[PDB]
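Here the protein sequences come in this chain order: y, w and t. Heads up: the first sequence runs through residues 218 to 738, numbered per the deposited numbering. Heads up: the second sequence runs through residues 218 to 738, numbered per the deposited numbering. Heads up: the third sequence runs through residues 218 to 426, numbered per the deposited numbering. The C-beta atom is built at its ideal place from N, Cα and C for all residues, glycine as well.
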Amino acid sequence: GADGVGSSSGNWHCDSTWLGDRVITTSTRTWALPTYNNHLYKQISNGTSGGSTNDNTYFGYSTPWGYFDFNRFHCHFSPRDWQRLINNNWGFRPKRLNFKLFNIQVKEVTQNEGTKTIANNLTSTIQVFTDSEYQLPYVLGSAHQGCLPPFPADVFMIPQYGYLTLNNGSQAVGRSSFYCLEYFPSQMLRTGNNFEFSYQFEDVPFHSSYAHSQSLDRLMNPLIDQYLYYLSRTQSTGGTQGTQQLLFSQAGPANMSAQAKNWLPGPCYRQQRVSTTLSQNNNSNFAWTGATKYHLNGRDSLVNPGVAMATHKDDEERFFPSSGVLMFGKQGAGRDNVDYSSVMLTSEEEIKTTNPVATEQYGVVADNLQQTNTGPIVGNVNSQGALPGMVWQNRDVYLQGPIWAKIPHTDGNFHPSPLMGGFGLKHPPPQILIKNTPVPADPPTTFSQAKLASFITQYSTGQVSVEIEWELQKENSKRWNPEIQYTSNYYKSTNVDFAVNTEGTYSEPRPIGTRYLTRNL
Amino acid sequence: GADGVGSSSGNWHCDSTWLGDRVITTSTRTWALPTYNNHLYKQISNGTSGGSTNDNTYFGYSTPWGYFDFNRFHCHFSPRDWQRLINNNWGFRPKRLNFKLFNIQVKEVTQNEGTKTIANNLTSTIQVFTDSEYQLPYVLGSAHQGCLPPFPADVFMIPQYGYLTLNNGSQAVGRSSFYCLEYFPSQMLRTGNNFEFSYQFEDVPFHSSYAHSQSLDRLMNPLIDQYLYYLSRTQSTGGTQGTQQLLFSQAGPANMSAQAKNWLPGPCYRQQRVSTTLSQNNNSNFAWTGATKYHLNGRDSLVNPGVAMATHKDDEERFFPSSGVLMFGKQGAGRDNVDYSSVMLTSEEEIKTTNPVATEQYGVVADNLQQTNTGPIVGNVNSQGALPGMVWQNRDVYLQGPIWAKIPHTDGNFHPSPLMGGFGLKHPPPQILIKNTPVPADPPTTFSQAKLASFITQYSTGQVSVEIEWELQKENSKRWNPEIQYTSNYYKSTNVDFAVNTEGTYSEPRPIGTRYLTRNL
Amino acid sequence: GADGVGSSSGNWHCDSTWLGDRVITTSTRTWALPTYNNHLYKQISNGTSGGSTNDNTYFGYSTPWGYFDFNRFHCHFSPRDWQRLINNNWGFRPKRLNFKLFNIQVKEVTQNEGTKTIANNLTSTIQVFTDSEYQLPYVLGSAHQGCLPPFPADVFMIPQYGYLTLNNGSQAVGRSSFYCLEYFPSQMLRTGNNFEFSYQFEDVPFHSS
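Following this line, the structure appears as structure tokens:
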């Protein structure tokens, strides 16, 4: 080894490099791993016998271990480096990543009455194992808090680990699995050690970063008619009587709606439409009641976000689907009943081309069968499954949103793109679990059967580094006039955006979409 | 070069060869390229402030360029060579194509008062560039007019080019792209030059040319019962009281409806049903009102054709889905309010096996939940999305219908077969744009800033050739009794079909399907 | 490495040598790097709405980092060695320089009521990066205080870093740049490590003496 506490195991690399198509972006932060659950696995459950309803019942365990979550973009891209990505490129996908712990140091805190003193414990060691066979519940991708902070000057606290399993009410059915974490081979790192592992993403499709320049129904040619015919009129034209006759015509630029087309909009699953204008919405609480839910195993689940769908039609920015759009918070936003002004509502408007309005009917079909005595009748189709000849475009990843998700290992899936966005992976980056090694206090002089319940209060810190080597899909486009670009406000402001304020508080003002450059549908 | 106007750049090849599985079919025609828009790009739009409704608003440009459209079958197959294709083979797909301009000659026309004289301009040249990177709106496949004429003795006029882009009302949103065509590298051809390029289709699935001999629900064995059981009767059998009891049985040839099956019909999206018998249809105009539409971006669009679906059930030939079936015209058919007798209505009846009736419900499901006090209730499912275990068969290409279409470059698509039929291609044959080089009239003696507005009236002509090398899927079938074959009428007629009439007018009497040979589902 | 806290990383060289035309002058001092801004970047500004006039308005950030300033002569020349320079020569210009941290030691101070005790923290490490691409505001040369003391027996306190950017009044215009310092590759030095780098001045005209 020849290392010891005399040296620093690792150096600080926060550098990002743009090389040809590749772009290699690394980071580092400072983490403090608190002791969890006094080192006790615990069964946790919430029953429907309490005030909880049948939807909120869960069962599972909360482990002492804790896990690193880097899954979000803003970990790995500075708001400038995310500008060079969305402005200059069509698509990007990862290739490989690399991960390092270093400069690990441990501390143990004592209490004499009020006094509080904090020393180093050289002997104590921490346990790190990457779960590479996916043999645990993979809990990343559910958009939990605790990701590496955006702004490198922040020190973050590693979030606790724990999982859920099959429940029936509060109780547990027979198949409930219990995973004891200490049961996996886990390298132990002392202060002189570093930890490192490499991972190489599977081939995964380039995420689409462009807004189509042509709505799906305008793919026609404006000059020339079409050779096909449609049924224009069933009634006698230009007469005092409407006696029925079948008339046909050709579908030209005069009426473009009737022109035959080779494709269909993406699938549609309706959402209730809520207006930011307060006077327009109904006066009531319809939030949960009139929400769009799916019913599984007798447990209702609100559909958040829902499939990628255009947020609103043109000349209305105020309407948004109830649970449809991703919703972030502003810096320092309360957890409960936060006012509207403290949250940010992303907008899908770039997909209005190929995907339907979220809040409106997908289409209209005939309910009945006509007769001389009985006129035709047509109803709305709210939820339209996928049909052949349907093209849809995936939701764009945001700076704040997650990078990936694990496609569940099940027999059947249809175009497995995670709803929140980001690359679905059949073998995601393996999560990492880390814990202090519990160091017991004085055992008694006389042996006794029970396990030692008195532990030495302890927590450790260190520097963690991650690179993610990305592939950029370069952009070649002949469009004459200028594009749209993501640009900072030119007008004077009280404090700079995406940068600290007087208190030292880093505040990201607004979400940053990935779609700006344009392409032909 | 050593060519000059003294020679003919290219020879006339209209020959087609059947070689093993391959079949190599080439054509040639004569084209006259008129000058377009006095050489001016122009913004074109149609507003909803006028009489137009919100569905018919468009925005875009109409370029001076023009494009060759060979996309339709009847270009490349003589009605005989299309008979050898549909009668003797199961499937066919293209391999490579080749394209040649030659014997290009230019002319310039002048006017002295009434007099009209037409001379040759040796110096003038025309511009040809194949767009191979797909960097323009790809406008082929929308079934516009202007394809190479079917009958080689016809001389055709190259149709103009122009495209549509994002609109909001008549006006243009920010992403509206403007493609200046002269901006691409474009070879210039003088009279002594020829133009040639080759293209090799991607591997693409053989189109299916056979009608299944077994409807999807008859796949059973007529002799033997099945071991599974079904719920036959919930009521006491053979009694004065109907007290409930669960009785089961086996599903044999006696009742074949209840036999379990391993698959499902294709997806279904209903269409209104219009009868060719005039007395049966309702007396009204339901054509547009009761039509089957899809609602995208607040612009209603009639669904023409709709997904491949059986046109009508048995013992009814008169009913057809409103917008469902492809509809062609007869030779010399008017553009507007044409009578029924002048149009041709294709029929899908060959797919009744694996795909549902277009005009009828896809199935029936239960609405309610039973009780002793409350009986069961079942509604119709009009629009059924794709489910696992669903098999569907694609619409057959016609002699008149299009060959291919470009699958839009979007992240998500489900079984991307173009609705009109023909091979969907992720990199279609690159379209070709061609224009005269504008030759300005006398500029003034004194320089002035403005561009030259006085041009010499000009148009060019030449011979264009195309081969498309097809792969045929040979047919091996043990069926004992004779097949069905496409055969000409044996009875005497006033004039031969698919051939000129007294006036010299080539008239194709009827559409020719691709499905005749039969196969086992 | 084979170094550890058992050894001294570097030796004390305060020697200067006059060799032909070259003269190679080195120094060493002792520095104590206090923690700055409880580790918080902070926006700092002074408005013209206050008593300040329009000349004194500024905008910018004050970083927790701190920087070594040796930019002044009296760092590198003893009043005698500066006498041999001005009396015997027409001109002088630099060629190369060299820079070393060594014998780094860290301390952590605690408080119990009045009591004040100061111990060593072996684990703690400090971060050093030379900005060689000039990608930050270069703040040396504005004649700020805090240079290495003239007289080698003085122990000096590293001065804080912070920069100014475009302002309009107290507020910030659109082009105001914000440089987060922790964002550069920065070697981390523990007690057993030393830091060293070399730099070679561009050809620059002899100052006239």
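| query | result |
| --- | --- |
| Stretch pair the stretch 620-638 of chain y + the stretch 533-553 of chain w: three plus CB contacts closer than 8 Å | no |
| Local conformation of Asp-286/y per DSSP, three classes | strand |
| Where the stretch 638-652 of chain y meets chain w: residues whose CB sits under 7 Å from a CB there | none |
| Residue-level contact to chain t via CB, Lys-547/y, 7 Å cutoff | no |
| Inter-residue spacing [alpha-carbon to alpha-carbon] between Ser-269/w and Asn-263/w | 7 Å |
| Length-filtered (3 minimum) beta strand (DSSP E) runs lying within the stretch 293-347 of chain w | 308-329, 332-337 and 343-347 |
| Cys-292/y classed as buried or exposed, judged by whether at least 16 other C-beta atoms fall within 10 angstroms | buried |
| Closer than 7 Å to chain t by CB, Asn-228/y | yes |
| Counted within 10 angstroms of its Cβ, other Cβ atoms place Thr-460/y as buried (16 or more) or exposed | exposed |
| Spatially closest choice to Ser-671/w from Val-681/w, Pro-655/w and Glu-534/w, by CA coordinates | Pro-655/w |
| Listed by chain order, chain w residues near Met-437/y by CB distance under 8 Å | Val-356, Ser-359, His-361 and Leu-381 |
| Interface flag, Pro-726/y vs chain t, CB-CB below 7 Å | no |
| Beta-carbon proximity check, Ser-682/y vs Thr-332/y, cutoff 7 Å | no |
| Any C-beta of chain t under 7 Å from that of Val-717/y | yes |
| Members of the stretch 386-414 of chain w near chain y, C-beta cut-off 9 Å | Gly-386, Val-390, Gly-391, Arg-392, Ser-393, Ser-394, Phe-395, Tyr-396, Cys-397, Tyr-400 and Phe-401 |
| Sheet register partners of residue 432/t (DSSP bridge) | Since the first residue shown for chain t is 218 and the last is 426, residue 432/t is missing from the structure and cannot be characterised. |
| Segment contact, 8 Å Cβ cut-off, at least three pairs: the stretch 388-408 of chain t with the stretch 346-366 of chain t | yes |
| Short CB-CB distance (under 7 Å) between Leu-464/y and chain w | yes |
| Contact belief for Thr-382/w with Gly-277/w at Cβ below 8 Å, rounded distance in angstroms | 5 Å |
| DSSP state of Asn-611/y mapped onto helix, strand, coil | coil |
| Own chain partners of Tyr-444/w with C-beta closer than 8 Å, once the 5 adjacent residues on each side are dropped | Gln-467 |
| Closer than 7 Å to chain t by CB, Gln-322/y | yes |
| Any chain t beta carbon closer than 7 Å to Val-713/y | yes |
| Limits of the unbroken beta strand (DSSP E) element including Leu-406/w | 404-406 |
| Terminal residues of the beta strand (DSSP E) in which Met-374/w lies | 372-374 |
| Partners in chain t for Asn-337/y, counting only beta-carbon separations shorter than 8 Å | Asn-338, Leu-339 and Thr-340 |
| Candidates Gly-223/t, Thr-347/t, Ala-389/t and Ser-279/t: closest to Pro-376/t by CA position | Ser-279/t |
| Pair within 7 Å by beta-carbon distance, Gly-308/w and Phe-423/w | yes |
| Minimum Cβ-Cβ distance from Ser-225/y to chain t less than 7 Å | yes |
| Secondary structure of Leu-448/y, DSSP reduced to three states | strand |
| Chain w residues whose Cβ lies nearer than 7 Å to that of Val-598/y | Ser-600 |
| Check: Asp-659/y C-beta below 6 Å from any heavy atom of the ligand SAH | No copy of the ligand SAH occurs in the structure displayed, which carries no ligand at all. |
| Spatial distance of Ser-403/w from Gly-639/w (CA atoms) | 30 Å |
| Local Cβ density within 10 Å of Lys-317/w, reported as buried at 16 or more and exposed below that | buried |
| Test: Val-222/t CB closer than 7 Å to a CB of chain y | yes |
| Under 7 Å between C-beta atoms of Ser-226/w and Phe-319/w | yes |
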